[PDB]
$ cat model-v2.txt   # compact mmCIF, N, CA and C atoms and all ligand atoms
# COMPACT_ATOMS: atom_id res chain seq x y z
N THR Z 1 -5.54 -15.91 5.29
CA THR Z 1 -6.07 -16.87 6.26
C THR Z 1 -6.84 -17.99 5.55
N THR Z 2 -7.69 -18.68 6.33
CA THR Z 2 -8.60 -19.69 5.82
C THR Z 2 -9.59 -19.05 4.84
N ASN Z 3 -10.32 -19.91 4.13
CA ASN Z 3 -11.50 -19.48 3.37
C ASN Z 3 -12.65 -19.04 4.29
N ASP Z 4 -12.59 -19.36 5.59
CA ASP Z 4 -13.64 -18.91 6.50
C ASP Z 4 -13.53 -17.44 6.83
N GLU Z 5 -12.33 -16.89 6.90
CA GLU Z 5 -12.28 -15.45 7.00
C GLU Z 5 -12.75 -14.80 5.69
N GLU Z 6 -12.26 -15.22 4.53
CA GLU Z 6 -12.76 -14.60 3.30
C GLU Z 6 -14.29 -14.50 3.33
N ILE Z 7 -14.99 -15.55 3.82
CA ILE Z 7 -16.45 -15.49 3.97
C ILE Z 7 -16.87 -14.46 5.00
N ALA Z 8 -16.18 -14.43 6.16
CA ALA Z 8 -16.51 -13.43 7.17
C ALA Z 8 -16.33 -12.02 6.63
N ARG Z 9 -15.26 -11.81 5.86
CA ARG Z 9 -14.99 -10.49 5.29
C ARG Z 9 -16.04 -10.12 4.26
N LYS Z 10 -16.49 -11.10 3.48
CA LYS Z 10 -17.47 -10.79 2.44
C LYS Z 10 -18.87 -10.62 3.03
N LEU Z 11 -19.20 -11.35 4.09
CA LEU Z 11 -20.45 -11.06 4.80
C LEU Z 11 -20.44 -9.61 5.25
N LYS Z 12 -19.31 -9.20 5.82
CA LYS Z 12 -19.19 -7.85 6.35
C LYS Z 12 -19.24 -6.82 5.23
N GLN Z 13 -18.58 -7.10 4.11
CA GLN Z 13 -18.64 -6.20 2.96
C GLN Z 13 -20.06 -6.08 2.43
N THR Z 14 -20.73 -7.22 2.20
CA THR Z 14 -22.05 -7.09 1.60
C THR Z 14 -23.02 -6.37 2.53
N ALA Z 15 -22.91 -6.61 3.85
CA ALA Z 15 -23.73 -5.83 4.78
C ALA Z 15 -23.46 -4.33 4.62
N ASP Z 16 -22.18 -3.94 4.41
CA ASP Z 16 -21.85 -2.52 4.25
C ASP Z 16 -22.39 -1.96 2.93
N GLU Z 17 -22.36 -2.76 1.86
CA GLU Z 17 -23.03 -2.37 0.63
C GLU Z 17 -24.52 -2.12 0.87
N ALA Z 18 -25.21 -3.07 1.52
CA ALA Z 18 -26.65 -2.87 1.74
C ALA Z 18 -26.91 -1.64 2.60
N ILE Z 19 -26.12 -1.44 3.67
CA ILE Z 19 -26.30 -0.28 4.54
C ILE Z 19 -26.11 1.01 3.77
N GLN Z 20 -25.04 1.06 2.98
CA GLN Z 20 -24.79 2.21 2.13
C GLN Z 20 -25.95 2.43 1.18
N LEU Z 21 -26.35 1.37 0.50
CA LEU Z 21 -27.35 1.48 -0.56
C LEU Z 21 -28.71 1.82 0.01
N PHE Z 22 -29.05 1.26 1.19
CA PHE Z 22 -30.32 1.61 1.79
C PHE Z 22 -30.38 3.09 2.15
N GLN Z 23 -29.29 3.64 2.70
CA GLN Z 23 -29.27 5.08 2.94
C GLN Z 23 -29.54 5.88 1.67
N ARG Z 24 -29.05 5.43 0.51
CA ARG Z 24 -29.27 6.21 -0.70
C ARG Z 24 -30.68 6.02 -1.25
N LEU Z 25 -31.14 4.77 -1.34
CA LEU Z 25 -32.53 4.53 -1.70
C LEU Z 25 -33.46 5.39 -0.86
N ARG Z 26 -33.17 5.48 0.44
CA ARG Z 26 -34.06 6.16 1.36
C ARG Z 26 -34.28 7.61 0.98
N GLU Z 27 -33.29 8.22 0.40
CA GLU Z 27 -33.31 9.63 0.09
C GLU Z 27 -33.70 9.93 -1.33
N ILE Z 28 -33.39 9.01 -2.23
CA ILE Z 28 -34.03 9.08 -3.53
C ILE Z 28 -35.54 9.06 -3.35
N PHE Z 29 -36.03 8.30 -2.36
CA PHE Z 29 -37.47 8.25 -2.14
C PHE Z 29 -38.01 9.60 -1.69
N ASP Z 30 -37.19 10.38 -0.97
CA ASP Z 30 -37.45 11.79 -0.66
C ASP Z 30 -36.92 12.74 -1.74
N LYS Z 31 -36.98 12.38 -3.03
CA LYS Z 31 -36.26 13.15 -4.05
C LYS Z 31 -36.26 12.45 -5.40
N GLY Z 32 -35.07 12.28 -5.99
CA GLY Z 32 -34.76 11.49 -7.18
C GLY Z 32 -35.86 11.13 -8.17
N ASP Z 33 -35.75 9.93 -8.74
CA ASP Z 33 -36.62 9.52 -9.84
C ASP Z 33 -36.53 8.01 -10.02
N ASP Z 34 -37.61 7.42 -10.58
CA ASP Z 34 -37.69 5.98 -10.82
C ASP Z 34 -36.41 5.44 -11.46
N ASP Z 35 -35.74 6.25 -12.28
CA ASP Z 35 -34.44 5.92 -12.82
C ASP Z 35 -33.50 5.46 -11.72
N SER Z 36 -32.92 6.42 -11.01
CA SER Z 36 -31.95 6.08 -9.98
C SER Z 36 -32.56 5.15 -8.94
N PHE Z 37 -33.80 5.43 -8.53
CA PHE Z 37 -34.46 4.64 -7.50
C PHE Z 37 -34.50 3.15 -7.85
N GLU Z 38 -35.09 2.81 -8.99
CA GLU Z 38 -35.10 1.42 -9.43
C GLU Z 38 -33.69 0.85 -9.57
N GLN Z 39 -32.72 1.68 -9.96
CA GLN Z 39 -31.35 1.21 -10.08
C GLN Z 39 -30.77 0.88 -8.71
N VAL Z 40 -30.90 1.80 -7.75
CA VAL Z 40 -30.47 1.50 -6.39
C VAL Z 40 -31.27 0.34 -5.81
N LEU Z 41 -32.58 0.30 -6.09
CA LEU Z 41 -33.40 -0.82 -5.64
C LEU Z 41 -32.74 -2.15 -6.00
N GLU Z 42 -32.33 -2.32 -7.27
CA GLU Z 42 -31.77 -3.61 -7.68
C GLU Z 42 -30.38 -3.84 -7.09
N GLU Z 43 -29.60 -2.77 -6.90
CA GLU Z 43 -28.30 -2.92 -6.26
C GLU Z 43 -28.46 -3.45 -4.85
N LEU Z 44 -29.40 -2.88 -4.10
CA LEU Z 44 -29.63 -3.32 -2.74
C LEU Z 44 -30.02 -4.79 -2.70
N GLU Z 45 -30.91 -5.21 -3.61
CA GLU Z 45 -31.28 -6.62 -3.68
C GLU Z 45 -30.11 -7.49 -4.13
N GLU Z 46 -29.25 -6.98 -5.00
CA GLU Z 46 -28.08 -7.77 -5.37
C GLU Z 46 -27.16 -7.99 -4.17
N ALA Z 47 -26.91 -6.93 -3.39
CA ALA Z 47 -26.08 -7.07 -2.20
C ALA Z 47 -26.67 -8.10 -1.23
N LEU Z 48 -27.97 -8.00 -0.95
CA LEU Z 48 -28.60 -8.88 0.03
C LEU Z 48 -28.59 -10.34 -0.42
N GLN Z 49 -28.73 -10.63 -1.72
CA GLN Z 49 -28.59 -12.02 -2.17
C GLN Z 49 -27.18 -12.54 -1.92
N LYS Z 50 -26.15 -11.74 -2.25
CA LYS Z 50 -24.77 -12.15 -2.00
C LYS Z 50 -24.57 -12.47 -0.54
N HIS Z 51 -24.99 -11.55 0.32
CA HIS Z 51 -24.95 -11.77 1.76
C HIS Z 51 -25.61 -13.11 2.13
N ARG Z 52 -26.87 -13.30 1.71
CA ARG Z 52 -27.58 -14.54 2.01
C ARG Z 52 -26.80 -15.75 1.52
N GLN Z 53 -26.31 -15.70 0.27
CA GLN Z 53 -25.55 -16.82 -0.26
C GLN Z 53 -24.28 -17.06 0.56
N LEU Z 54 -23.55 -15.99 0.86
CA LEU Z 54 -22.41 -16.12 1.76
C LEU Z 54 -22.81 -16.81 3.08
N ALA Z 55 -23.95 -16.41 3.65
CA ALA Z 55 -24.40 -17.00 4.92
C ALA Z 55 -24.57 -18.51 4.80
N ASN Z 56 -25.18 -18.98 3.70
CA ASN Z 56 -25.31 -20.42 3.46
C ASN Z 56 -23.96 -21.10 3.48
N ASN Z 57 -22.97 -20.49 2.84
CA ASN Z 57 -21.66 -21.11 2.77
C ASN Z 57 -21.01 -21.17 4.13
N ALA Z 58 -21.16 -20.11 4.93
CA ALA Z 58 -20.62 -20.13 6.28
C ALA Z 58 -21.28 -21.22 7.11
N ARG Z 59 -22.59 -21.38 6.95
CA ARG Z 59 -23.30 -22.44 7.65
C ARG Z 59 -22.81 -23.82 7.22
N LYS Z 60 -22.62 -24.03 5.91
CA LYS Z 60 -22.05 -25.28 5.42
C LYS Z 60 -20.73 -25.61 6.11
N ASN Z 61 -19.72 -24.75 5.94
CA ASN Z 61 -18.43 -24.97 6.59
C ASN Z 61 -18.45 -24.72 8.12
N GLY Z 62 -19.62 -24.50 8.72
CA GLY Z 62 -19.66 -24.18 10.14
C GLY Z 62 -18.69 -23.07 10.54
N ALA Z 63 -18.54 -22.07 9.68
CA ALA Z 63 -17.57 -21.00 9.93
C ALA Z 63 -17.97 -20.21 11.19
N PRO Z 64 -16.98 -19.79 12.02
CA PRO Z 64 -17.29 -19.04 13.26
C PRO Z 64 -17.88 -17.65 13.02
N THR Z 65 -19.20 -17.56 12.90
CA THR Z 65 -19.87 -16.37 12.40
C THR Z 65 -20.14 -15.36 13.51
N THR Z 66 -19.72 -14.12 13.27
CA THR Z 66 -20.08 -12.97 14.11
C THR Z 66 -21.10 -12.14 13.34
N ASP Z 67 -22.37 -12.30 13.71
CA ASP Z 67 -23.50 -11.68 13.02
C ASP Z 67 -23.97 -10.47 13.81
N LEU Z 68 -23.73 -9.28 13.27
CA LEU Z 68 -24.05 -8.04 13.96
C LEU Z 68 -25.55 -7.88 14.26
N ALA Z 69 -26.43 -8.71 13.70
CA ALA Z 69 -27.86 -8.42 13.84
C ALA Z 69 -28.74 -9.64 14.09
N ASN Z 70 -29.94 -9.59 13.49
CA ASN Z 70 -30.90 -10.62 13.03
C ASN Z 70 -32.33 -10.09 13.25
N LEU Z 71 -32.35 -8.80 13.51
CA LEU Z 71 -33.21 -7.95 12.73
C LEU Z 71 -32.80 -8.15 11.26
N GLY Z 72 -31.81 -9.00 11.00
CA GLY Z 72 -31.48 -9.37 9.63
C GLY Z 72 -32.62 -10.10 8.96
N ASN Z 73 -33.17 -11.11 9.63
CA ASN Z 73 -34.42 -11.70 9.17
C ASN Z 73 -35.52 -10.66 9.11
N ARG Z 74 -35.62 -9.84 10.16
CA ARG Z 74 -36.60 -8.75 10.15
C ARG Z 74 -36.40 -7.87 8.93
N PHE Z 75 -35.15 -7.47 8.66
CA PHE Z 75 -34.89 -6.52 7.57
C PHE Z 75 -35.24 -7.14 6.23
N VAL Z 76 -34.78 -8.37 6.00
CA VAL Z 76 -35.01 -9.03 4.72
C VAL Z 76 -36.51 -9.24 4.48
N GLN Z 77 -37.24 -9.71 5.49
CA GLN Z 77 -38.66 -9.92 5.29
C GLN Z 77 -39.38 -8.61 5.02
N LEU Z 78 -38.94 -7.52 5.66
CA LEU Z 78 -39.55 -6.21 5.38
C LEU Z 78 -39.16 -5.70 4.00
N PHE Z 79 -37.94 -6.02 3.55
CA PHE Z 79 -37.51 -5.56 2.23
C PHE Z 79 -38.26 -6.29 1.12
N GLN Z 80 -38.57 -7.57 1.33
CA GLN Z 80 -39.42 -8.29 0.39
C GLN Z 80 -40.80 -7.65 0.28
N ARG Z 81 -41.43 -7.32 1.41
CA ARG Z 81 -42.70 -6.59 1.35
C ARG Z 81 -42.55 -5.27 0.60
N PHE Z 82 -41.46 -4.53 0.84
CA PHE Z 82 -41.25 -3.25 0.16
C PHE Z 82 -41.25 -3.43 -1.35
N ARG Z 83 -40.56 -4.46 -1.83
CA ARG Z 83 -40.49 -4.71 -3.26
C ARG Z 83 -41.85 -5.07 -3.84
N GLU Z 84 -42.62 -5.92 -3.14
CA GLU Z 84 -43.98 -6.21 -3.58
C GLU Z 84 -44.83 -4.95 -3.62
N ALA Z 85 -44.72 -4.11 -2.59
CA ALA Z 85 -45.42 -2.83 -2.60
C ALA Z 85 -45.01 -1.98 -3.81
N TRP Z 86 -43.70 -1.79 -4.02
CA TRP Z 86 -43.26 -1.00 -5.16
C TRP Z 86 -43.78 -1.58 -6.47
N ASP Z 87 -43.59 -2.88 -6.66
CA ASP Z 87 -43.99 -3.52 -7.90
C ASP Z 87 -45.50 -3.46 -8.10
N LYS Z 88 -46.28 -3.60 -7.03
CA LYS Z 88 -47.72 -3.39 -7.11
C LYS Z 88 -48.10 -1.93 -7.32
N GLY Z 89 -47.15 -0.99 -7.39
CA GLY Z 89 -47.48 0.42 -7.37
C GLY Z 89 -48.01 0.95 -6.06
N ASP Z 90 -48.33 0.08 -5.09
CA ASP Z 90 -48.92 0.42 -3.79
C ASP Z 90 -48.09 1.46 -3.03
N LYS Z 91 -48.37 2.75 -3.25
CA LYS Z 91 -47.48 3.78 -2.74
C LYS Z 91 -47.67 4.04 -1.25
N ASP Z 92 -48.88 3.87 -0.73
CA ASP Z 92 -49.08 4.15 0.69
C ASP Z 92 -48.34 3.14 1.55
N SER Z 93 -48.32 1.88 1.12
CA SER Z 93 -47.45 0.91 1.78
C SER Z 93 -46.00 1.39 1.80
N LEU Z 94 -45.48 1.76 0.62
CA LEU Z 94 -44.07 2.09 0.45
C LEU Z 94 -43.54 2.95 1.58
N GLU Z 95 -44.28 4.00 1.93
CA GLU Z 95 -43.78 4.92 2.94
C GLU Z 95 -43.75 4.28 4.32
N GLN Z 96 -44.76 3.48 4.65
CA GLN Z 96 -44.76 2.79 5.94
C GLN Z 96 -43.61 1.78 6.00
N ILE Z 97 -43.47 0.98 4.94
CA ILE Z 97 -42.46 -0.08 4.89
C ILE Z 97 -41.06 0.50 4.88
N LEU Z 98 -40.89 1.69 4.32
CA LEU Z 98 -39.57 2.31 4.28
C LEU Z 98 -39.15 2.79 5.66
N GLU Z 99 -40.11 3.28 6.46
CA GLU Z 99 -39.82 3.70 7.83
C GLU Z 99 -39.41 2.52 8.69
N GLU Z 100 -40.21 1.44 8.67
CA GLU Z 100 -39.86 0.23 9.40
C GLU Z 100 -38.46 -0.23 9.04
N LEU Z 101 -38.10 -0.13 7.75
CA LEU Z 101 -36.77 -0.54 7.30
C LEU Z 101 -35.69 0.34 7.92
N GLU Z 102 -35.89 1.66 7.89
CA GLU Z 102 -34.91 2.52 8.53
C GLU Z 102 -34.77 2.23 10.02
N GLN Z 103 -35.85 1.77 10.68
CA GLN Z 103 -35.80 1.52 12.13
C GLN Z 103 -34.96 0.29 12.44
N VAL Z 104 -35.12 -0.75 11.63
CA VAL Z 104 -34.31 -1.95 11.83
C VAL Z 104 -32.83 -1.62 11.62
N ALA Z 105 -32.52 -0.88 10.55
CA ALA Z 105 -31.12 -0.59 10.24
C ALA Z 105 -30.44 0.12 11.40
N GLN Z 106 -31.06 1.21 11.87
CA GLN Z 106 -30.50 1.96 12.99
C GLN Z 106 -30.38 1.12 14.25
N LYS Z 107 -31.31 0.18 14.48
CA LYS Z 107 -31.17 -0.72 15.64
C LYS Z 107 -29.91 -1.56 15.52
N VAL Z 108 -29.57 -2.00 14.31
CA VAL Z 108 -28.41 -2.85 14.10
C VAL Z 108 -27.12 -2.04 14.25
N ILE Z 109 -27.02 -0.93 13.51
CA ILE Z 109 -25.77 -0.18 13.38
C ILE Z 109 -25.41 0.58 14.65
N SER Z 110 -26.39 0.88 15.50
CA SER Z 110 -26.11 1.59 16.74
C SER Z 110 -26.43 0.73 17.95
CL CL C 201 -21.59 -8.49 9.82
CL CL C 202 -46.64 -2.80 7.04
CL CL C 203 -37.93 -2.99 14.63
$ encode --input "model-v2.txt" --output "structure tokens"
Amino acid sequence: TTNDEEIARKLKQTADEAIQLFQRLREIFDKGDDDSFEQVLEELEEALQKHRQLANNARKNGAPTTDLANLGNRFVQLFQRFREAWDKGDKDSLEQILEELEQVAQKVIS
């Protein structure tokens, strides 16, 4: 098809990467180790940047966007706080911010 579907397909793919990766980060946090955790942490942020960049391109070409959410803004702003909490070592934040994140995700996917 057009390059506008390729963008629609990649928005959808990157959202699925983030959804997948957030589920795994979530449970490493109930388990695992800074090793895997920090690794999944960066994967999730890599997916979300791709998604964001794809979104800019769809907006440029005015592509007909079907956006499953926008707790998307909610999710991204909460994920930025989570990273600041992690990087600050602030562990009590981490648990609160991780719950809010799981709540947004489930609101979108269901
Ligand atoms: Cl989507
Ligand atoms: Cl908070
Ligand atoms: Cl919410």
$ residues_around --input "model-v2.txt" --residues "residue 54 (chain Z)" --least-positions-apart "4" --cutoff "7 Å" --atoms "all atoms listed in the file" --output "list in words"
residues 7, 10, 11, 49, 50, 58 and 59 of chain Z
$ closest_residue --input "model-v2.txt" --among "Z:34, Z:28, Z:61, Z:15" --to "ligand CL 201 (chain C)" --atoms "only N, CA and C atoms and all ligand atoms"
Z:15
$ closest_residue --input "model-v2.txt" --among "Z:22, Z:29, Z:86, Z:75" --to "ligand CL 203 (chain C)" --atoms "only C-alpha atoms and all ligand atoms"
Z:75
$ closest_residue --input "model-v2.txt" --among "Z:85, Z:71, Z:94, Z:76" --to "ligand CL 203 (chain C)" --atoms "only C-alpha atoms and all ligand atoms"
Z:71
$ atom_distance --input "model-v2.txt" --atom1 "CA of residue 106 (chain Z)" --atom2 "CA of residue 19 (chain Z)"
9.7 Å
$ atom_distance --input "model-v2.txt" --atom1 "CA of residue 96 (chain Z)" --atom2 "atom CL of ligand CL 202 (chain C)"
6.0 Å
$ atom_distance --input "model-v2.txt" --atom1 "atom C of residue 99 (chain Z)" --atom2 "atom CL of ligand CL 203 (chain C)"
8.2 Å
$ closest_residue --input "model-v2.txt" --among "Z:27, Z:16, Z:95, Z:42" --to "residue 109 (chain Z)" --atoms "only C-alpha atoms"
Z:16
$ residues_near_ligand --input "model-v2.txt" --ligand "ligand CL 202 (chain C)" --cutoff "8 Å" --atoms "only N, CA and C atoms and all ligand atoms" --output "VMD selection string"
chain Z and resid 81 93 to 94 96 to 98 100
$ write_last_selection --input "model-v2.txt" --atoms "N, CA and C atoms" --output "PDB file, in the frame of the given file"
ATOM      1  N   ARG Z  81     -41.430  -7.320   1.410  1.00  0.00           N
ATOM      2  CA  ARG Z  81     -42.700  -6.590   1.350  1.00  0.00           C
ATOM      3  C   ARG Z  81     -42.550  -5.270   0.600  1.00  0.00           C
ATOM      4  N   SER Z  93     -48.320   1.880   1.120  1.00  0.00           N
ATOM      5  CA  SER Z  93     -47.450   0.910   1.780  1.00  0.00           C
ATOM      6  C   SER Z  93     -46.000   1.390   1.800  1.00  0.00           C
ATOM      7  N   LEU Z  94     -45.480   1.760   0.620  1.00  0.00           N
ATOM      8  CA  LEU Z  94     -44.070   2.090   0.450  1.00  0.00           C
ATOM      9  C   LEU Z  94     -43.540   2.950   1.580  1.00  0.00           C
ATOM     10  N   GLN Z  96     -44.760   3.480   4.650  1.00  0.00           N
ATOM     11  CA  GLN Z  96     -44.760   2.790   5.940  1.00  0.00           C
ATOM     12  C   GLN Z  96     -43.610   1.780   6.000  1.00  0.00           C
ATOM     13  N   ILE Z  97     -43.470   0.980   4.940  1.00  0.00           N
ATOM     14  CA  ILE Z  97     -42.460  -0.080   4.890  1.00  0.00           C
ATOM     15  C   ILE Z  97     -41.060   0.500   4.880  1.00  0.00           C
ATOM     16  N   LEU Z  98     -40.890   1.690   4.320  1.00  0.00           N
ATOM     17  CA  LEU Z  98     -39.570   2.310   4.280  1.00  0.00           C
ATOM     18  C   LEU Z  98     -39.150   2.790   5.660  1.00  0.00           C
ATOM     19  N   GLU Z 100     -40.210   1.440   8.670  1.00  0.00           N
ATOM     20  CA  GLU Z 100     -39.860   0.230   9.400  1.00  0.00           C
ATOM     21  C   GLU Z 100     -38.460  -0.230   9.040  1.00  0.00           C
TER      22      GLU Z 100
END
$ closest_residue --input "model-v2.txt" --among "Z:103, Z:77, Z:110, Z:70" --to "ligand CL 203 (chain C)" --atoms "only N, CA and C atoms and all ligand atoms"
Z:103
$ closest_residue --input "model-v2.txt" --among "Z:17, Z:87, Z:92, Z:67" --to "ligand CL 201 (chain C)" --atoms "all atoms listed in the file"
Z:67
$ select_by_dssp --input "model-v2.txt" --residues "chain Z" --states "helix (DSSP H, G or I)" --output "VMD selection string"
chain Z and resid 3 to 28 34 to 60 71 to 87 91 to 109
$ build_atoms --input "model-v2.txt" --residues "region 30-43 of chain Z" --atoms "N, CA, C and O atoms" --output "CSV table (one decimal), in the coordinates of the input"
chain,number,residue,atom,x,y,z
Z,30,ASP,N,-37.2,10.4,-1.0
Z,30,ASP,CA,-37.4,11.8,-0.7
Z,30,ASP,C,-36.9,12.7,-1.7
Z,30,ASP,O,-36.4,13.8,-1.4
Z,31,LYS,N,-37.0,12.4,-3.0
Z,31,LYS,CA,-36.3,13.2,-4.0
Z,31,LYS,C,-36.3,12.4,-5.4
Z,31,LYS,O,-37.3,12.1,-5.9
Z,32,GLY,N,-35.1,12.3,-6.0
Z,32,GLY,CA,-34.8,11.5,-7.2
Z,32,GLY,C,-35.9,11.1,-8.2
Z,32,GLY,O,-36.8,11.9,-8.4
Z,33,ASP,N,-35.8,9.9,-8.7
Z,33,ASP,CA,-36.6,9.5,-9.8
Z,33,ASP,C,-36.5,8.0,-10.0
Z,33,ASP,O,-35.5,7.4,-9.7
Z,34,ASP,N,-37.6,7.4,-10.6
Z,34,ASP,CA,-37.7,6.0,-10.8
Z,34,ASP,C,-36.4,5.4,-11.5
Z,34,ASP,O,-36.0,4.3,-11.2
Z,35,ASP,N,-35.7,6.2,-12.3
Z,35,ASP,CA,-34.4,5.9,-12.8
Z,35,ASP,C,-33.5,5.5,-11.7
Z,35,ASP,O,-33.3,4.3,-11.5
Z,36,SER,N,-32.9,6.4,-11.0
Z,36,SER,CA,-32.0,6.1,-10.0
Z,36,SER,C,-32.6,5.2,-8.9
Z,36,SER,O,-32.0,4.1,-8.5
Z,37,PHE,N,-33.8,5.4,-8.5
Z,37,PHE,CA,-34.5,4.6,-7.5
Z,37,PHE,C,-34.5,3.2,-7.8
Z,37,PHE,O,-34.0,2.3,-7.1
Z,38,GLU,N,-35.1,2.8,-9.0
Z,38,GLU,CA,-35.1,1.4,-9.4
Z,38,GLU,C,-33.7,0.8,-9.6
Z,38,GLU,O,-33.5,-0.3,-9.4
Z,39,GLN,N,-32.7,1.7,-10.0
Z,39,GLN,CA,-31.4,1.2,-10.1
Z,39,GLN,C,-30.8,0.9,-8.7
Z,39,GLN,O,-30.2,-0.2,-8.5
Z,40,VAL,N,-30.9,1.8,-7.8
Z,40,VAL,CA,-30.5,1.5,-6.4
Z,40,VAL,C,-31.3,0.3,-5.8
Z,40,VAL,O,-30.7,-0.5,-5.1
Z,41,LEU,N,-32.6,0.3,-6.1
Z,41,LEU,CA,-33.4,-0.8,-5.6
Z,41,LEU,C,-32.7,-2.2,-6.0
Z,41,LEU,O,-32.6,-3.0,-5.1
Z,42,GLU,N,-32.3,-2.3,-7.3
Z,42,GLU,CA,-31.8,-3.6,-7.7
Z,42,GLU,C,-30.4,-3.8,-7.1
Z,42,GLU,O,-30.0,-5.0,-6.8
Z,43,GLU,N,-29.6,-2.8,-6.9
Z,43,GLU,CA,-28.3,-2.9,-6.3
Z,43,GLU,C,-28.5,-3.4,-4.8
Z,43,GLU,O,-27.8,-4.4,-4.4
